[PDB]
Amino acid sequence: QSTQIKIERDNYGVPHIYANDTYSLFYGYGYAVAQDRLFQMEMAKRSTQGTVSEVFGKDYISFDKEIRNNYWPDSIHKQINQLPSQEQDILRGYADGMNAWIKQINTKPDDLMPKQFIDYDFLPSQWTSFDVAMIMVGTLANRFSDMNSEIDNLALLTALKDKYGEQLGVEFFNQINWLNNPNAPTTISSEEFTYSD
């Protein structure tokens, strides 16, 4: 049994995927991505999983330790296993589509192998649902949802109190790192929505 995917590219080379089922739809999406941005994606995977030193050496050790130290793979693999099947096909499909194109590259690498792989001297990896999940987790969640400076703040506060005494050390800190400022320009009118809790 098989399914048919159609990939039409426009004047700017943008891929438009046509499929009749989720797994096929994303498989075509992943395939077009491997065609267009394979090296970018391969390094995004090593960036979100901390395996850059593998191909670039010692300079990246700290980076890798750091990346791996900030996520728990077990949690991710489990969440994926918990997703409904149609949603699992989204990731698995994309992963397979990527791999199908890597297959063509290995067919005629003299023409299809992105030059960066040749010059950096390494090969395209095998993609999984976990690899696809992590691209987002590492560039989205860990980018706009993992910021925090509470330990430093503790040091800021400690240093203010030391300088101004406990009461004033504390008031200075709320003066310069307030919880909220009622006069901040906001996206919603206070009438329409004012925050509570």
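Just count from 1 along the sequence shown to find any residue number.
Enquirer: In the PDB record, does 89-97 or 108-116 carry the higher mean Cα temperature factor?
Expert: Looking at the recorded C-alpha B-factors, 108-116 comes out higher on average.
Enquirer: Out of 136-144 and 28-36, which one has CA B-factors that are higher on average in the deposited record?
Expert: For C-alpha atoms only, the mean B-factor is higher in 136-144.
Enquirer: Can you tell me which of 129, 153, 53, 70 has the highest Cα temperature factor in the record?
Expert: Answer, based on the entry's C-alpha B-factors: 153.
Enquirer: Can you work out whether the C-alpha temperature factor of residue 59 puts it in the lowest, middle or highest third of the chain?
Expert: For residue 59, the deposited C-alpha B-factor lands in the highest third.
Enquirer: With respect to C-alpha B-factor, does residue 76 fall in the lowest, middle or highest third of the chain as deposited?
Expert: Its C-alpha B-factor, which the entry lists for residue 76, ranks in the lowest third among residues of this chain.
Enquirer: Comparing residue 17 with the other modelled residues of its chain, is its CA B-factor in the lowest, middle or highest third?
Expert: Within its chain, residue 17 is a lowest-third residue by C-alpha B-factor, going by the deposited values.
Enquirer: Grab the CA temperature factor for residue 184 from the record and place it in the lowest, middle or highest third of its chain.
Expert: It belongs to the lowest third of the chain when residues are ordered by C-alpha B-factor.
Enquirer: Using the B-factors in the PDB entry, rank residue 102's C-alpha atom against the chain and give the third, lowest, middle or highest.
Expert: CA B-factor rank for residue 102: middle third.
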